[PDB]
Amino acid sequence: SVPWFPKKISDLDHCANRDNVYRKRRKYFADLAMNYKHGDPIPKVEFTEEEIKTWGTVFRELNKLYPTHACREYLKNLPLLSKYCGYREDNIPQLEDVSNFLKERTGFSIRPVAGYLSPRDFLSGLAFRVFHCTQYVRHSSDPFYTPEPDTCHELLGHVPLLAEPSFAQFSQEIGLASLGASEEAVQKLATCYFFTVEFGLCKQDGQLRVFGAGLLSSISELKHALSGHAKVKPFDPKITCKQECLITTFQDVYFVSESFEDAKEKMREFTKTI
């Protein structure tokens, strides 16, 4: 019969929750996420010195690479986020500020999340233009790469492109397709999402650029993706969806889309077939 799925934005309330100093701090952010309910403003957090230092390093080094590595859409929106949301080396932007900025631009909003959601629950958020975001900062011992998403990933990887209409449409349509879909179909949609939204490359004016959020937040994988010692294939959902998504390491393969508009059409033809 059909599995449960959210029918309105507030239904997301029902799934979004499914060293010792670092540990206690993580519990703090986890508790803020767990007590959030739709309609709340997202709790604003005073970040520690060390958290800002880690952000500063990440922000400083990624901004050296963006102009030559990032797709034009990412670069177009980056300065608006500086101006309106307080993106600076010495300040971590607040999810509530970024949420409000997105609401105005593409209708996207943010909801804080404590841990990993299932791909079904995560994608279901996108159906309502809701992006579930972590609020904590990666451990200071590896600024260049982390196997778990942190707030730098959400803020630097995802938000600039969620502010772009063509890209927000693409994202929402993946979400909409997943609503009440089979387990097989959800896995394919999530893999397609992984190799576009998360780790996607694109061709712009003949050059390879990155739009994948997991790449735009990692100093070392961003450089690696365009080095180019990376194996790259054309984006094609029927083949892309079978590709294994790697956690804990760099990807073994990245997929190239022609444009956000084109990747959206490819996904449209594809979802018809599943």
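Residue numbers here begin at 1 and follow the sequence given.
The entry models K24 and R25 with no unmodelled deposited residue separating them. Relative to one another, 48-56 and 244-252 have unequal mean CA B-factors, and 244-252 is the one with the higher figure. Two stretches are in play, 126-134 and 113-121, and the higher mean C-alpha B-factor belongs to 113-121. Taking only the listed residues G157, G200, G107, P143, the entry reports the highest CA temperature factor at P143. The residue among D97, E183, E164, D150 whose C-alpha carries the highest B-factor in the deposited model is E183. Among the modelled residues of its chain, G86 has a C-alpha B-factor that falls in the middle third, as given in the PDB entry. For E221, the recorded CA temperature factor ranks within the middle third of the chain's modelled residues.
Among the modelled residues of its chain, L80 has a C-alpha B-factor that falls in the highest third, as given in the PDB entry. Among all modelled residues in this chain, the alpha-carbon of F29 has a temperature factor (C-alpha) in the middle third.
In this PDB entry, the Cα temperature factor of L65 sits in the middle third of its chain's modelled residues.
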